[PDB]
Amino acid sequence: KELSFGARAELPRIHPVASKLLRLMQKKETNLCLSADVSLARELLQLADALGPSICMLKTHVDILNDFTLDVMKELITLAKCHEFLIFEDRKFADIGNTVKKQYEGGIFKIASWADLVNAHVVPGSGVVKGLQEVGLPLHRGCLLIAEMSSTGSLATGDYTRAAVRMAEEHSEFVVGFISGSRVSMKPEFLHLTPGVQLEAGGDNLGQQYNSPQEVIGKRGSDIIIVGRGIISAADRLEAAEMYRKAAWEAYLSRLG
């Protein structure tokens, strides 16, 4: 039956990145991942600073930052360490192994130098995980596999989802869990991170679908909610982040018994 985050952090087969994450989740009482979908470095950093105490993780799309530099990432690393959260680059790699290795290590972004976690789609087959790990393992990084998507018409279903779970099991030295809408694996060493979350049900006008923290954490058995616009679009993002943190945490407690 259901183990606490602190207990999972001590599971035998647990990745040190997952263990570090589960520990600060337990310590800070948050299972909220902020999706910091903004185009300005000054806004990203002011969000990370102010909301840092409320979150276990900050999720970035650096390819959307109009003023990206590696110095912005350095300041973000300082905030992650000071407020205690992980940095997750939402790169959604979906290319052959030979290419994703360079996209993760190199270019302008040098994602691997600053991101604790990245994610990958499984559509290319396991070579995508093998390419990323050749870079990630040396650097003690973790990866999430996209077993399910939140958007209308997603093909990440059935046999596809099963393939994701299988691939994660075969590369558990590097893969720490899933992007999914539910619990897709019974193994408690794996983390389940769920995007497509807002307090009000609904969606956007480009196929995003939203479910509540209570539905996702409490009934669907996921671990962490990933929240973008639900927080970002509020006048007071701190208040918003706290609302989401409390909903996700209490749903987690109430799942625990």
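The numbering used is simple: start at 1 and walk along the sequence shown. For the two forms, the rigid core is made up of the largest set of C-alpha atoms that agree within 1.5 Å on superposition.
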item: Stretch with larger C-alpha RMS deviation in 5 other deposited structures of this protein, core superposed, 201-209 versus 60-68; value: 201-209
item: More variable segment, 93-101 or 149-157 [Cα RMS over structures in 5 other deposited structures of this protein, core-superposed]; value: 93-101
item: Mean Cα B-factor comparison, 96-104 or 163-171, giving the higher one as deposited; value: 163-171
item: Mean Cα B-factor comparison, 224-232 or 22-30, giving the higher one as deposited; value: 22-30
item: Given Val216, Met57, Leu44, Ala50, the residue at which the Cα B factor reaches its maximum; value: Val216
item: Third of chain Cα B-factors occupied by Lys130; value: middle
item: For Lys74, the third of its chain into which the C-alpha B factor falls; value: middle
item: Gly181, C-alpha B-factor rank within chain (lowest, middle or highest third); value: highest
item: Among modelled residues of the same chain, the CA temperature factor third for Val122; value: lowest
item: Chain-wide C-alpha B factor ranking for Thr157, given as lowest, middle or highest third; value: highest
